[PDB]
Amino acid sequence: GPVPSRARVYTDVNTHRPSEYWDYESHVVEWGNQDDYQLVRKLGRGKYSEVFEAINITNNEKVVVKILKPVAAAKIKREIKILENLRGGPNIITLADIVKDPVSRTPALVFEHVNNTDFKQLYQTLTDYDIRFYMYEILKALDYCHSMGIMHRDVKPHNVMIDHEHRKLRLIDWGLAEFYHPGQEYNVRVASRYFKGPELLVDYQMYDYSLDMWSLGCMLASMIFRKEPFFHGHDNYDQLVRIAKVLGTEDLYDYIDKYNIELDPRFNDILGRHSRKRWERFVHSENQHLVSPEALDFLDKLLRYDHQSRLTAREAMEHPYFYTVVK
Ligand SMILES: Nc1cccc(C(=O)O)c1
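Counted the way the entry's author numbering counts, the sequence shown spans residues 3 to 329.
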């Protein structure tokens with residue numbers, strides 16, 4: 003069967019911690035006052051929750067209320083514990099309170115207010131400098147959560163809230179996030195199609211923080227090349243074929259050979275034979291001002307089949323692509 007894998011950084015962060023930190027099942031939720039918050043308008047409804055703009059009437063400050071659909075027990079306590087563990091971290095959305103919603107009878111997470119604009123609204127119109135600036139801000143959030151033993155598992159433009167006027171960013175929606183435990187097998191039904199790493203697409207369960215770095219690479223490629231999404235799969239199978247048309251099939255077969263993965267036979271009729279394309283193939287007159295040799299070298303080091311080979315968040319922050327960003 004498949005060969006095991008371990009994260010190359012922050013491997014044992016949870017192993018050393020007391021069970022209070024990662025044993026989310028045993029966590030006792032401290033309930034706040036639901037009457038402190040007045041719902042103003044519905045912002046959206048996802049598969050697991052309904053999000054509202056609200057006002058905290060105790061300070062007249064705007065907040066965001068996420069009312070969880072009754073789905074699915076353990077998933078609720080996991081999100082709460084992850085949010086509390088990460089509270090105060092750089093560019094991590096701040097959980098202000100947890101109240102019981104009087105109508106749904108489910109937990110309602112109250113977050114600090116962020117502008118009602120996600121990164122998908124802005125990321126195709128940024129300058130070269132702003133792509134570098136906001137990528138560096140996202141990396142601060144990812145290194146913080148990975149250093150805290152947590153993988154986000156749903157990095158995508160909709161999960162980055164941005165206040166462009168104020169040049170501030172927050173990584174949101176920790177509902178798919180999980181504690182990394184070396185040797186643990188995880189569910190591959192995470193992340194959004196276009197941001198799923200090859201490990202998920204080939205059903206390799208012993209993945210780690212590096213999944214978030216593939217998803218970040220997909221966002222970078224979509225920004226510098228002005229191509230939304232970069233890997234445009236029709237379904238989870240064609241998603242891997244779209245990746246293989248760029249990265250090539252030989253390195254895909256080397257990845258599956260290394261981890262002793264048995265590729266779904268559904269792929270024998272659709273994968274074909276593809277050579278790796280040079281990143282310059284995606285440059286054109288409309289995106290050339292966003293592309294530099296440093297951007298392509300950085301992207302190349304994120305978009306790798308082998309999850310163990312990708313840059314970590316901290317190594318990514320060291321890359322020359324960010325030397326122009328003011329720190
Ligand atoms: N829309 C919005 C704003 C803030 C947090 C969240 C979230 O799901 O964490 C969602």
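Just so you know, even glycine gets a beta-carbon here, dropped at the ideal spot from N, CA and C.
Rounded straight-line distance, which links the Cα of residue j to that of residue i
i           : j      : result
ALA9        : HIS148 : 10 Å
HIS115      : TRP33  : 20 Å
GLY235      : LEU203 : 11 Å
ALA98       : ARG89  : 9 Å
residue 330 : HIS286 : Because the chain here runs from 3 to 329, residue 330 falls outside it and cannot be looked at.
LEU222      : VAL157 : 12 Å
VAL5        : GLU201 : 13 Å
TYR39       : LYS229 : 40 Å
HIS18       : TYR26  : 16 Å
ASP14       : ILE59  : 43 Å
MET319      : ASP37  : 43 Å
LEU41       : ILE69  : 11 Å
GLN207      : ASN61  : 46 Å
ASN161      : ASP266 : 30 Å
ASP132      : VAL327 : 9 Å
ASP205      : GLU63  : 45 Å
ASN35       : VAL65  : 14 Å
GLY3        : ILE258 : 11 Å
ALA75       : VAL112 : 18 Å
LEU273      : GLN310 : 23 Å
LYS49       : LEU304 : 29 Å
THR119      : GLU167 : 11 Å
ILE152      : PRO184 : 12 Å
residue 332 : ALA297 : Past the boundaries of the shown model lies residue 332; the chain is included only from 3 to 329, so the question cannot be answered.
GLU81       : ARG43  : 23 Å
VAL30       : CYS220 : 37 Å
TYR23       : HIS321 : 32 Å
Integer-rounded CB distance, given that residue j should sit under 8 Å from residue i
i           : j      : result
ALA315      : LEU141 : 5 Å
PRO159      : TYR125 : 6 Å
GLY177      : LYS79  : Incorrect: roughly 12 Å between the Cβ atoms, too far for contact.
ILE84       : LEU173 : With 8 Å as the limit, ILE84 and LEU173 do not qualify as a contact, their Cβ atoms being about 12 Å apart.
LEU144      : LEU254 : That belief does not hold up - the Cβ atoms of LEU144 and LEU254 are roughly 25 Å apart, past 8 Å.
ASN289      : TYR182 : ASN289 to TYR182, Cβ: 35 Å. No contact.
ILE164      : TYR136 : 7 Å
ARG244      : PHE227 : About 14 Å separates the two Cβ atoms, so there is no contact after all.
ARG155      : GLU139 : Not quite, the Cβ-Cβ distance comes to about 19 Å (not below 8 Å), so this is no contact.
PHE269      : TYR239 : 7 Å
residue 369 : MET225 : Past the boundaries of the shown model lies residue 369; the chain is included only from 3 to 329, so the question cannot be answered.
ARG195      : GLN241 : 6 Å
* Asked: Are at least three pairs of beta-carbons, each pair with one atom in the region 104–123 and one in the region 285–295, less than 8 Å apart?
  -> With the rule of 3 Cβ pairs closer than 8 Å, the region 104–123 does not count as touching the region 285–295.
* Tell me the start and end of each unbroken alpha helix (DSSP H) in the region 77–154 that is at least 4 residues and wholly inside, in chain order. => You should have 130–149.
* Length-filtered (4 minimum) alpha helix (DSSP H) runs lying within the region 219–294 -> Those alpha helix (DSSP H) runs which fall completely within the region 219–294 and span 4+ residues are 238–249, 251–260.
* To do: Write down every uninterrupted run of the beta strand (DSSP E) in the region 148–216 whose length is 3 residues or greater and which is fully enclosed by it, in chain order.
  => Counting only runs of 3 or more residues that sit fully inside the region 148–216, the beta strand (DSSP E) segments are 162–165, 170–173, in chain order.
* Examine the Cβ distances between the region 267–278 and the region 209–227 and report whether three or more of them are shorter than 8 Å. => The region 267–278 is not in contact with the region 209–227.
* **Ordered list of alpha helix (DSSP H) runs contained in the region 15–49, each at least 4 residues** => Annotation note: the region 15–49 contains the following uninterrupted alpha helix (DSSP H) runs of length 4 or greater, listed N- to C-terminal: 15–18, 21–24.
* Below 8 Å, can you find three or more Cβ-Cβ pairs linking the region 181–200 to the region 50–58? -> Contact fails: fewer than three Cβ-Cβ distances are below 8 Å.
* Every unbroken alpha helix (DSSP H) within the region 291–315, with a cutoff of 4 residues, ordered by chain -> Fully contained in the region 291–315 are the following alpha helix (DSSP H) runs of length 4 or more, in chain order: 295–304.
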